[PDB]
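Engineer: Pasting a structure here, questions to come.
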Amino acid sequence: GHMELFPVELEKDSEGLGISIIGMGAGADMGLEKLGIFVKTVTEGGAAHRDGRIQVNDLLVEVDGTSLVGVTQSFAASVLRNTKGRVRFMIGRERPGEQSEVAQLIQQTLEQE
């Protein structure tokens, strides 16, 4: 499996963006910090919903010129304000996972020799 680090380029309206973020994740390791400021919502009023770029299941891994990795939600909210009107982000979603081994798992139960 992997995180799909795909480039996301939005175009904001005169309104701006139309999303929200949320501070999820656990592991404030102090100098690594495996946190995830994922998209909390993607408001229909804004360009993000109408474009279909930043989706509610996406994660801001890095912005045009600033790596996130796992910051505080305030940091992420602020990076989008420090950046230009159009910036490419690298969204990294953990798309795969439910591929196999779900619920029942593999579980070598029929082999106990």
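To be explicit about the labels: the chains of the structure tokens are called A, B, and onward in the order shown, and within each one the residues are counted from 1, while ligands get numbers from 1 in the order they are shown.
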Do a neighbour search on region 10-26 of chain A at 7 Å with only C-alpha atoms, toss out local chain neighbours closer than 5 positions, and write the hits as a PDB file with N, CA and C atoms, in the first residue's frame.
Structural biologist:
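New file around.pdb:
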```
ATOM      1  N   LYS A  34       3.692  12.649  13.472  1.00  0.00           N
ATOM      2  CA  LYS A  34       2.816  12.000  12.533  1.00  0.00           C
ATOM      3  C   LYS A  34       1.366  12.402  12.756  1.00  0.00           C
ATOM      4  N   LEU A  35       1.062  13.579  12.309  1.00  0.00           N
ATOM      5  CA  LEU A  35      -0.257  14.141  12.406  1.00  0.00           C
ATOM      6  C   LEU A  35      -0.804  14.324  11.027  1.00  0.00           C
ATOM      7  N   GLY A  36      -2.073  14.478  10.922  1.00  0.00           N
ATOM      8  CA  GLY A  36      -2.658  14.625   9.647  1.00  0.00           C
ATOM      9  C   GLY A  36      -3.684  15.694   9.636  1.00  0.00           C
ATOM     10  N   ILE A  37      -3.386  16.779   8.987  1.00  0.00           N
ATOM     11  CA  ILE A  37      -4.359  17.805   8.851  1.00  0.00           C
ATOM     12  C   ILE A  37      -5.144  17.522   7.582  1.00  0.00           C
ATOM     13  N   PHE A  38      -6.130  16.681   7.740  1.00  0.00           N
ATOM     14  CA  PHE A  38      -6.953  16.230   6.649  1.00  0.00           C
ATOM     15  C   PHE A  38      -8.028  17.253   6.383  1.00  0.00           C
ATOM     16  N   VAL A  39      -8.656  17.143   5.254  1.00  0.00           N
ATOM     17  CA  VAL A  39      -9.754  18.009   4.909  1.00  0.00           C
ATOM     18  C   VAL A  39     -10.977  17.617   5.731  1.00  0.00           C
ATOM     19  N   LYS A  40     -11.544  18.578   6.412  1.00  0.00           N
ATOM     20  CA  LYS A  40     -12.664  18.337   7.292  1.00  0.00           C
ATOM     21  C   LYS A  40     -13.952  18.407   6.519  1.00  0.00           C
ATOM     22  N   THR A  41     -13.997  19.303   5.576  1.00  0.00           N
ATOM     23  CA  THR A  41     -15.146  19.444   4.748  1.00  0.00           C
ATOM     24  C   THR A  41     -14.739  20.186   3.508  1.00  0.00           C
ATOM     25  N   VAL A  42     -15.577  20.152   2.540  1.00  0.00           N
ATOM     26  CA  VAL A  42     -15.385  20.842   1.322  1.00  0.00           C
ATOM     27  C   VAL A  42     -16.706  21.452   0.883  1.00  0.00           C
ATOM     28  N   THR A  43     -16.852  22.696   1.272  1.00  0.00           N
ATOM     29  CA  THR A  43     -18.042  23.468   1.122  1.00  0.00           C
ATOM     30  C   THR A  43     -18.391  23.748  -0.336  1.00  0.00           C
ATOM     31  N   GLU A  44     -19.629  23.403  -0.677  1.00  0.00           N
ATOM     32  CA  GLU A  44     -20.208  23.548  -2.014  1.00  0.00           C
ATOM     33  C   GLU A  44     -20.082  24.964  -2.576  1.00  0.00           C
ATOM     34  N   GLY A  45     -20.106  25.952  -1.701  1.00  0.00           N
ATOM     35  CA  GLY A  45     -20.006  27.329  -2.118  1.00  0.00           C
ATOM     36  C   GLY A  45     -18.673  27.657  -2.756  1.00  0.00           C
ATOM     37  N   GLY A  46     -17.633  26.963  -2.346  1.00  0.00           N
ATOM     38  CA  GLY A  46     -16.336  27.274  -2.839  1.00  0.00           C
ATOM     39  C   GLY A  46     -15.917  26.424  -3.991  1.00  0.00           C
ATOM     40  N   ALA A  47     -14.883  26.885  -4.622  1.00  0.00           N
ATOM     41  CA  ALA A  47     -14.325  26.306  -5.828  1.00  0.00           C
ATOM     42  C   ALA A  47     -13.895  24.855  -5.661  1.00  0.00           C
ATOM     43  N   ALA A  48     -13.420  24.501  -4.474  1.00  0.00           N
ATOM     44  CA  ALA A  48     -12.888  23.160  -4.226  1.00  0.00           C
ATOM     45  C   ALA A  48     -13.920  22.063  -4.473  1.00  0.00           C
ATOM     46  N   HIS A  49     -15.159  22.324  -4.091  1.00  0.00           N
ATOM     47  CA  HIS A  49     -16.234  21.354  -4.245  1.00  0.00           C
ATOM     48  C   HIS A  49     -16.666  21.274  -5.710  1.00  0.00           C
ATOM     49  N   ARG A  53     -11.128  18.977  -6.563  1.00  0.00           N
ATOM     50  CA  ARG A  53      -9.711  18.880  -6.446  1.00  0.00           C
ATOM     51  C   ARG A  53      -9.347  18.473  -5.035  1.00  0.00           C
ATOM     52  N   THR A  72       0.246  21.488  13.210  1.00  0.00           N
ATOM     53  CA  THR A  72      -0.947  21.809  13.916  1.00  0.00           C
ATOM     54  C   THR A  72      -1.974  22.339  12.894  1.00  0.00           C
ATOM     55  N   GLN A  73      -3.246  22.263  13.206  1.00  0.00           N
ATOM     56  CA  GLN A  73      -4.294  22.675  12.269  1.00  0.00           C
ATOM     57  C   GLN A  73      -4.160  24.166  11.925  1.00  0.00           C
ATOM     58  N   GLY A  85      -2.263  32.677  -4.729  1.00  0.00           N
ATOM     59  CA  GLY A  85      -3.632  32.379  -5.060  1.00  0.00           C
ATOM     60  C   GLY A  85      -3.775  31.026  -5.716  1.00  0.00           C
ATOM     61  N   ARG A  86      -2.757  30.611  -6.437  1.00  0.00           N
ATOM     62  CA  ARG A  86      -2.750  29.292  -7.018  1.00  0.00           C
ATOM     63  C   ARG A  86      -1.447  28.598  -6.706  1.00  0.00           C
TER      64      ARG A  86
END
```
Engineer: According to DSSP computed on the backbone, where in region 20-71 of chain A is there alpha helix (DSSP H)? Give the residues as number ranges by chain.
Structural biologist: A: 47-51
Engineer: Using backbone DSSP assignments, extract all strand (DSSP E) residues from chain A; output them as a PyMOL selection string.
Structural biologist: chain A and resi 4-9+20-25+35-41+60-63+66-67+88-93
Engineer: One decimal, in Å: what's the spacing between CA of residue 83 (chain A) and CA of residue 55 (chain A)?
Structural biologist: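 Between CA of residue 83 (chain A) and CA of residue 55 (chain A) the gap works out to 19.4 Å.
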Engineer: Which is closest to residue 82 (chain A) among A:70, A:97, A:65, A:52, if we use only C-alpha atoms?
Structural biologist: A:65
